[PDB]
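Beneath this line is the structure, given in structure tokens, with notes to follow.
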Amino acid sequence: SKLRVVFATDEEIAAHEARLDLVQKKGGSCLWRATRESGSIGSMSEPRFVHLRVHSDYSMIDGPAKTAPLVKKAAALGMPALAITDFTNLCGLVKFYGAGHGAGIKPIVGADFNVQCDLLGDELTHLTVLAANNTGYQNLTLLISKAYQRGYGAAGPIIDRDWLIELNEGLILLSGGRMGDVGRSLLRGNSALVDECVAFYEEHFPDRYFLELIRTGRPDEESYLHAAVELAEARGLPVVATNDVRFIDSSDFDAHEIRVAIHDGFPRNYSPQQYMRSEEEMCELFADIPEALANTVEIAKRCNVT
Ligand SMILES: [Cl-]
């Protein structure tokens with residue numbers, strides 16, 4: 001296969017084992033190391049998929065950051081790790097960390113951003129930032145502070161892409177898919193701009209930038225996916241599957257659409273597929289691109305914030 005999986009190094013694997021020890025010592029269980037009843041230690045299997053892009057209900061709007069229901073759902077699905085990636089905030093982190101531990105889940109720390117870059121002018125693009133280690137966590141905190149400190153208008157807090165140069169250490173980036181700088185430029189056929197953007201990530205985020213692939217039945221998602229996979233194969237860039245999770249169950253879609261409208265003051269930016277899909281569901285969805293699934297599990301092992 002010419003699609004790259006970025007494997008956690010021996011050092012990262014050791015940090016992952018230590019991070020699971022912490023889950024287990026604080027919580028009294030660890031789903032990653034759990035043995036099903038009538039199963040055996042010898043027949044235990046690794047996770048096939050981990051959610052790395054997940055928002056609480058009020059993430060980009062006004063309201064509380066309740067992360068309890070996301071942990072509750074992940075625990076019910078037997079998920080051994082979960083990221084919360086709320087919009088330019090870490091509100092729910094302290095509670096997510098504790099609840100994660102209580103449920104035997106490895107908590108992964110991240111946030112979603114709107115990004116501005118000179119190459120794209122004034123246009124805002126999507127980026128997900130994961131903290132791989134405590135230095136990354138500190139840098140993620142600093143990046144959020146920087147976005148607020150320079151102030152914002154109705155468009156909300158924004159980061160400059162170039163701020164990532166100085167703040168890069170311990171961060172793993174998910175590209176934003178069709179909404180990211182690379183994705184938008186792929187959809188527009190701007191090969192020269194794709195090349196400039198990819199050069200930035202290769203320089204500052206070596207093995208720490210993933211082309212995000214998303215299948216939620218929204219416009220341009222699959223056309224972008226085709227182009228991203230072609231780019232990934234030609235450049236050796238790793239792809240990663242996410243489900244851009246915005247609510248817990250598919251039946252929650254109705255309430256989500258309405259919460260967004262109230263805040264907006266009224267545009268169909270969201271799909272009913274953006275729920276917390278099971279590992280089995282995600283594996284079937286990306287059966288044709290198993291590398292996109294494998295990279296979620298490797299990224300999950302690489303993310304160890306204590
Ligand atoms: Cl098992």
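A note on labels: chains of the structure tokens are A, B, ... as shown, every chain counts residues from 1, and ligands are counted from 1 in their shown order.
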
Practice prompt. Enumerate as a ChimeraX atom specification the residues within 6 Å of ligand 1, counting only C-alpha atoms and all ligand atoms.
Written response: /A:35-36,39,44

Item to complete: Just list the residues in stretch 186-234 of chain A DSSP gives strand (DSSP E or B) on the backbone, as a PyMOL selection string.
Response: chain A and resi 209-214

Keeping only N, CA, C and O atoms, write the selected residues as a PDB file, in the first residue's frame.
```pdb
ATOM      1  N   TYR A 209       1.139  15.936  10.659  1.00  0.00           N
ATOM      2  CA  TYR A 209       0.040  16.556   9.902  1.00  0.00           C
ATOM      3  C   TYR A 209      -0.693  15.487   9.108  1.00  0.00           C
ATOM      4  O   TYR A 209      -0.073  14.754   8.333  1.00  0.00           O
ATOM      5  N   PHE A 210      -2.012  15.404   9.297  1.00  0.00           N
ATOM      6  CA  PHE A 210      -2.800  14.342   8.671  1.00  0.00           C
ATOM      7  C   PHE A 210      -3.902  14.920   7.812  1.00  0.00           C
ATOM      8  O   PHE A 210      -4.610  15.819   8.244  1.00  0.00           O
ATOM      9  N   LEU A 211      -4.035  14.399   6.592  1.00  0.00           N
ATOM     10  CA  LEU A 211      -5.124  14.794   5.710  1.00  0.00           C
ATOM     11  C   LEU A 211      -6.418  14.149   6.192  1.00  0.00           C
ATOM     12  O   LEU A 211      -6.572  12.925   6.167  1.00  0.00           O
ATOM     13  N   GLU A 212      -7.338  14.987   6.643  1.00  0.00           N
ATOM     14  CA  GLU A 212      -8.549  14.529   7.283  1.00  0.00           C
ATOM     15  C   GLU A 212      -9.599  14.122   6.254  1.00  0.00           C
ATOM     16  O   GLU A 212      -9.946  14.906   5.372  1.00  0.00           O
ATOM     17  N   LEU A 213     -10.076  12.882   6.359  1.00  0.00           N
ATOM     18  CA  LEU A 213     -11.106  12.352   5.470  1.00  0.00           C
ATOM     19  C   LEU A 213     -12.415  12.145   6.233  1.00  0.00           C
ATOM     20  O   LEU A 213     -12.418  11.569   7.323  1.00  0.00           O
ATOM     21  N   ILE A 214     -13.520  12.616   5.656  1.00  0.00           N
ATOM     22  CA  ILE A 214     -14.792  12.673   6.361  1.00  0.00           C
ATOM     23  C   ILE A 214     -15.901  12.232   5.401  1.00  0.00           C
ATOM     24  O   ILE A 214     -15.989  12.706   4.264  1.00  0.00           O
TER      25      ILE A 214
END
```

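Once residue A:77 and its same-chain neighbours fewer than 2 positions away are set aside, residues 31, 47, 49, 50, 51, 70, 71, 72, 73, 74, 75, 79, 80, 81, 82, 103, 105, 248, 249, 276, 277, 278, 279, 280 and 281 of chain A remain within 12 Å of it when counting only C-alpha atoms.
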
Can I get the selected residues back with N, CA, C and O atoms, as an mmCIF file, in the first residue's frame?
```cif
data_model
loop_
_atom_site.group_PDB
_atom_site.id
_atom_site.type_symbol
_atom_site.label_atom_id
_atom_site.label_comp_id
_atom_site.auth_asym_id
_atom_site.auth_seq_id
_atom_site.Cartn_x
_atom_site.Cartn_y
_atom_site.Cartn_z
ATOM 1 N N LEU A 31 -10.277 0.571 29.430
ATOM 2 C CA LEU A 31 -10.992 -0.138 28.350
ATOM 3 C C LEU A 31 -10.034 -0.702 27.300
ATOM 4 O O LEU A 31 -10.293 -1.766 26.740
ATOM 5 N N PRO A 47 -7.952 -1.480 19.452
ATOM 6 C CA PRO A 47 -9.023 -0.738 18.773
ATOM 7 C C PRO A 47 -8.694 -0.574 17.298
ATOM 8 O O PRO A 47 -7.520 -0.564 16.928
ATOM 9 N N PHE A 49 -10.457 1.919 15.508
ATOM 10 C CA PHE A 49 -10.784 3.321 15.213
ATOM 11 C C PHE A 49 -10.947 4.086 16.522
ATOM 12 O O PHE A 49 -11.483 3.550 17.501
ATOM 13 N N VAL A 50 -10.470 5.327 16.526
ATOM 14 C CA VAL A 50 -10.654 6.257 17.644
ATOM 15 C C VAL A 50 -11.182 7.590 17.069
ATOM 16 O O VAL A 50 -10.635 8.080 16.064
ATOM 17 N N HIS A 51 -12.242 8.144 17.679
ATOM 18 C CA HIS A 51 -12.729 9.507 17.334
ATOM 19 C C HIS A 51 -11.774 10.613 17.776
ATOM 20 O O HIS A 51 -11.528 10.778 18.966
ATOM 21 N N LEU A 70 -20.680 12.653 26.281
ATOM 22 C CA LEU A 70 -19.745 12.104 25.281
ATOM 23 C C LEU A 70 -18.945 10.931 25.851
ATOM 24 O O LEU A 70 -18.760 9.923 25.180
ATOM 25 N N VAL A 71 -18.479 11.075 27.084
ATOM 26 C CA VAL A 71 -17.780 9.997 27.788
ATOM 27 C C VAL A 71 -18.711 8.815 28.035
ATOM 28 O O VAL A 71 -18.319 7.665 27.800
ATOM 29 N N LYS A 72 -19.926 9.101 28.508
ATOM 30 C CA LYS A 72 -20.948 8.079 28.732
ATOM 31 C C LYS A 72 -21.186 7.259 27.462
ATOM 32 O O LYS A 72 -21.220 6.024 27.515
ATOM 33 N N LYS A 73 -21.333 7.941 26.324
ATOM 34 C CA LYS A 73 -21.536 7.246 25.056
ATOM 35 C C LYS A 73 -20.314 6.432 24.639
ATOM 36 O O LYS A 73 -20.444 5.271 24.287
ATOM 37 N N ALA A 74 -19.128 7.032 24.703
ATOM 38 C CA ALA A 74 -17.894 6.329 24.337
ATOM 39 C C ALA A 74 -17.710 5.067 25.189
ATOM 40 O O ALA A 74 -17.328 4.033 24.665
ATOM 41 N N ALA A 75 -18.009 5.168 26.484
ATOM 42 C CA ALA A 75 -17.919 4.026 27.393
ATOM 43 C C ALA A 75 -18.906 2.918 27.017
ATOM 44 O O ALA A 75 -18.565 1.736 27.051
ATOM 45 N N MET A 79 -15.282 2.272 23.585
ATOM 46 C CA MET A 79 -14.160 3.029 23.032
ATOM 47 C C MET A 79 -13.057 3.328 24.056
ATOM 48 O O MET A 79 -13.341 3.900 25.110
ATOM 49 N N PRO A 80 -11.795 2.922 23.764
ATOM 50 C CA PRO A 80 -10.758 3.072 24.791
ATOM 51 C C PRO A 80 -10.094 4.431 24.813
ATOM 52 O O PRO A 80 -9.286 4.694 25.696
ATOM 53 N N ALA A 81 -10.401 5.268 23.818
ATOM 54 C CA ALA A 81 -9.862 6.621 23.772
ATOM 55 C C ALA A 81 -10.854 7.516 23.060
ATOM 56 O O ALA A 81 -11.694 7.034 22.289
ATOM 57 N N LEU A 82 -10.750 8.817 23.344
ATOM 58 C CA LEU A 82 -11.659 9.815 22.779
ATOM 59 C C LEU A 82 -11.002 11.182 22.877
ATOM 60 O O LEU A 82 -10.451 11.520 23.923
ATOM 61 N N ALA A 103 -14.263 6.252 33.586
ATOM 62 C CA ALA A 103 -14.831 5.301 32.633
ATOM 63 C C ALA A 103 -13.775 4.381 32.014
ATOM 64 O O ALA A 103 -14.098 3.517 31.195
ATOM 65 N N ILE A 105 -11.350 5.425 30.071
ATOM 66 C CA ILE A 105 -11.040 5.932 28.734
ATOM 67 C C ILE A 105 -9.817 6.843 28.745
ATOM 68 O O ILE A 105 -9.662 7.676 29.644
ATOM 69 N N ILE A 248 -24.489 13.275 19.918
ATOM 70 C CA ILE A 248 -24.191 11.906 20.363
ATOM 71 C C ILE A 248 -24.815 10.820 19.475
ATOM 72 O O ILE A 248 -24.100 9.928 18.983
ATOM 73 N N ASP A 249 -26.122 10.918 19.260
ATOM 74 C CA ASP A 249 -26.853 9.963 18.441
ATOM 75 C C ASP A 249 -27.437 10.685 17.233
ATOM 76 O O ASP A 249 -27.656 11.894 17.281
ATOM 77 N N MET A 276 -21.846 10.215 17.011
ATOM 78 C CA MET A 276 -20.720 9.407 17.456
ATOM 79 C C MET A 276 -20.874 7.971 16.939
ATOM 80 O O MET A 276 -21.398 7.102 17.641
ATOM 81 N N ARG A 277 -20.406 7.741 15.712
ATOM 82 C CA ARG A 277 -20.529 6.439 15.066
ATOM 83 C C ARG A 277 -19.690 5.426 15.814
ATOM 84 O O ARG A 277 -18.645 5.769 16.345
ATOM 85 N N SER A 278 -20.152 4.177 15.841
ATOM 86 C CA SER A 278 -19.390 3.112 16.478
ATOM 87 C C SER A 278 -18.129 2.797 15.667
ATOM 88 O O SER A 278 -18.004 3.202 14.504
ATOM 89 N N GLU A 279 -17.195 2.076 16.286
ATOM 90 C CA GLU A 279 -16.010 1.579 15.586
ATOM 91 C C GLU A 279 -16.385 0.686 14.402
ATOM 92 O O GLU A 279 -15.782 0.788 13.326
ATOM 93 N N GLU A 280 -17.395 -0.164 14.587
ATOM 94 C CA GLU A 280 -17.848 -1.042 13.517
ATOM 95 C C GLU A 280 -18.379 -0.224 12.337
ATOM 96 O O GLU A 280 -18.079 -0.522 11.170
ATOM 97 N N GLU A 281 -19.152 0.817 12.655
ATOM 98 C CA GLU A 281 -19.712 1.721 11.641
ATOM 99 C C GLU A 281 -18.619 2.436 10.866
ATOM 100 O O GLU A 281 -18.696 2.509 9.639
#
```

Please report as a tab-separated table every residue of stretch 227-262 of chain A lying within 10 Å of stretch 282-291 of chain A, along with the nearest atom pair and their distance in Å (one decimal), using only C-alpha atoms.
```
residue	atom	partner	partner_atom	distance
A:229	CA	A:289	CA	9.0
A:238	CA	A:291	CA	8.0
A:239	CA	A:291	CA	6.9
A:240	CA	A:291	CA	7.4
A:241	CA	A:286	CA	7.6
A:242	CA	A:282	CA	8.6
A:243	CA	A:282	CA	8.2
```

Those same residues - N, CA, C and O atoms - I'd like them written as a PDB file, in the first residue's frame.
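Saved to part.pdb:
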```
ATOM      1  N   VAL A 229      -6.711  11.728  -1.323  1.00  0.00           N
ATOM      2  CA  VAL A 229      -6.083  10.406  -1.394  1.00  0.00           C
ATOM      3  C   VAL A 229      -5.017  10.383  -2.495  1.00  0.00           C
ATOM      4  O   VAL A 229      -3.919   9.875  -2.284  1.00  0.00           O
ATOM      5  N   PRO A 238       0.127  11.167   5.395  1.00  0.00           N
ATOM      6  CA  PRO A 238      -0.844  10.244   5.981  1.00  0.00           C
ATOM      7  C   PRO A 238      -2.270  10.810   5.986  1.00  0.00           C
ATOM      8  O   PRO A 238      -2.463  12.016   6.215  1.00  0.00           O
ATOM      9  N   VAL A 239      -3.245   9.943   5.710  1.00  0.00           N
ATOM     10  CA  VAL A 239      -4.657  10.284   5.833  1.00  0.00           C
ATOM     11  C   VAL A 239      -5.206   9.791   7.169  1.00  0.00           C
ATOM     12  O   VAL A 239      -4.690   8.833   7.758  1.00  0.00           O
ATOM     13  N   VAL A 240      -6.257  10.449   7.634  1.00  0.00           N
ATOM     14  CA  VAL A 240      -6.925  10.073   8.875  1.00  0.00           C
ATOM     15  C   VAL A 240      -8.437  10.240   8.709  1.00  0.00           C
ATOM     16  O   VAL A 240      -8.886  11.261   8.172  1.00  0.00           O
ATOM     17  N   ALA A 241      -9.202   9.238   9.150  1.00  0.00           N
ATOM     18  CA  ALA A 241     -10.666   9.321   9.157  1.00  0.00           C
ATOM     19  C   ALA A 241     -11.147   9.998  10.433  1.00  0.00           C
ATOM     20  O   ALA A 241     -10.675   9.688  11.527  1.00  0.00           O
ATOM     21  N   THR A 242     -12.070  10.943  10.290  1.00  0.00           N
ATOM     22  CA  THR A 242     -12.822  11.437  11.441  1.00  0.00           C
ATOM     23  C   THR A 242     -14.292  11.499  11.034  1.00  0.00           C
ATOM     24  O   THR A 242     -14.636  11.310   9.864  1.00  0.00           O
ATOM     25  N   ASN A 243     -15.162  11.735  12.002  1.00  0.00           N
ATOM     26  CA  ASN A 243     -16.571  11.860  11.700  1.00  0.00           C
ATOM     27  C   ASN A 243     -17.131  13.227  12.067  1.00  0.00           C
ATOM     28  O   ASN A 243     -18.338  13.424  12.026  1.00  0.00           O
TER      29      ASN A 243
END
```

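Of the residues under consideration (A:183, A:215, A:178, A:306), A:306 shows the shortest atom-to-atom contact distance to residue A:26 when counting only C-alpha atoms.
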
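Closest approach to residue A:304 among A:1, A:116, A:133, A:88: A:133, based on only C-alpha atoms.
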
Response to the item:
Separating atom CA of residue A:61 from atom CA of residue A:87, to the nearest tenth of an Å, is a gap of 9.2 Å

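For the choices A:93, A:302, A:181, A:258, the atom-to-atom distance to residue A:18 is smallest for A:302 when using only C-alpha atoms.
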
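Counting from atom CA of residue A:137, the distance to atom CA of residue A:199 is 24.5 Å.
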